[PDB]
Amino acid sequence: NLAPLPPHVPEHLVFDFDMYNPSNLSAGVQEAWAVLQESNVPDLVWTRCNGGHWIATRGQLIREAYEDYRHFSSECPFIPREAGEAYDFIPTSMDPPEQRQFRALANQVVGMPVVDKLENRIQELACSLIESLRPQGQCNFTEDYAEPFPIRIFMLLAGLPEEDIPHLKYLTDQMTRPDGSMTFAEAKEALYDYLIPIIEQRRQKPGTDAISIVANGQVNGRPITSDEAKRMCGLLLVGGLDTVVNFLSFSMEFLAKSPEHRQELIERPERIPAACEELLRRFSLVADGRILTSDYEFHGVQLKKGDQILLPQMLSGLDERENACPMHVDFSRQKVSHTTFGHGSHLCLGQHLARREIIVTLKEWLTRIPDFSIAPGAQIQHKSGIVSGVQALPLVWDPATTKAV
């Protein structure tokens, strides 16, 4: 289901890439996308899939377009257009200067200072989860770790019931990796139905949790509106529930297949941080976009007002012009170049938290379970979308090679 090519589009710029179901999926999701960067592919393509939209294929263009909010508006950041349109999250669906007051409040909630306060819990949960798995000699890493670890931390931060996870997680997933089961607007509303009463409650009676702080915040000197708070909290949820979770499964699938990479990290822990960045570059997973505010000519291509463009953050650090031998994982790259957390005014406030969680996982897993692999005859499936993911991750190990801490 291809949409008819609009008049302004040169047919030589056509490359029908399905962000929800790319052709090379079996190879790995990063590998499916990376098709976009082959020699046969122009820098700026038009896809007839998912209603028709441009895609920038190179790090140089992606960065440029991210910097340029004047032309590339966040007002409609998701594809398909109906999704982009229903999209009302704060501060993500706003351009500067309006975005700033909101970002500033989001940052109070998820920023460094919060990470620093949550450290011991992050550590405590990881060690608790891993120690619990260790003696088993096998898990479902996605379900057994990647999901609980980050989500239980977020639930704790937000002051929400762990019981709500399954419902919440389903809804967040419909938004990034739609099933057809629900439209975006519907998923969005259900999430909002959830949030509304909570916000009310926290406006009347303030906690110290993330939601209580957002609900009672000041922005441009006056108090945040209930609708505003609902719109920030909605984003905080998708961020917390759908990001780190997918990231850890890609990284663990790689560690499982690469003993040499595991060893390195065991012997020379001083490299953990560097390895983390390199994993963030290699297993990049987010792709959203922007909307043209007007007619514009970008790198010789005519963009029309209202066109959407996908600016795949995942792609920048996969770009040969940015990284020599991109698909190769090398812990000692002189320069790890990526835009994994985005670029421009919308750079991820949740990045400090995301790194702390990744570094603790790596440190803590490798300590106790140094030797593991993917289960004999399990087939690892990737899933593509706004945020890509791994279906299931069956791991096996010999209990006897583990170390109790």
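Residue numbers here begin at 1 and follow the sequence given.
Stretch comparison (48 to 56 versus 333 to 341) by mean CA B-factor in the PDB entry places 333 to 341 on top. Averaged over Cα atoms, the B-factor as recorded in the entry is higher for 260 to 268 than for the other of 260 to 268 and 274 to 282. The residue among 239, 326, 166, 77 whose C-alpha carries the highest B-factor in the deposited model is 166. For the set 88, 179, 131, 95, the PDB entry assigns the largest Cα B-factor to 179.
Ranked by C-alpha B-factor against the other modelled residues of its chain, residue 313 falls in the lowest third. Placement of the Cα temperature factor of residue 141 within the chain: lowest third of the modelled residues, per the deposited record. Sort the modelled residues of the chain by CA B factor and residue 287 lands in the lowest third.
When the modelled residues of the chain are ordered by their C-alpha B factor, residue 154 lands in the middle third. Residue 227: CA B factor in the highest third of modelled residues in this chain (values from the PDB entry).
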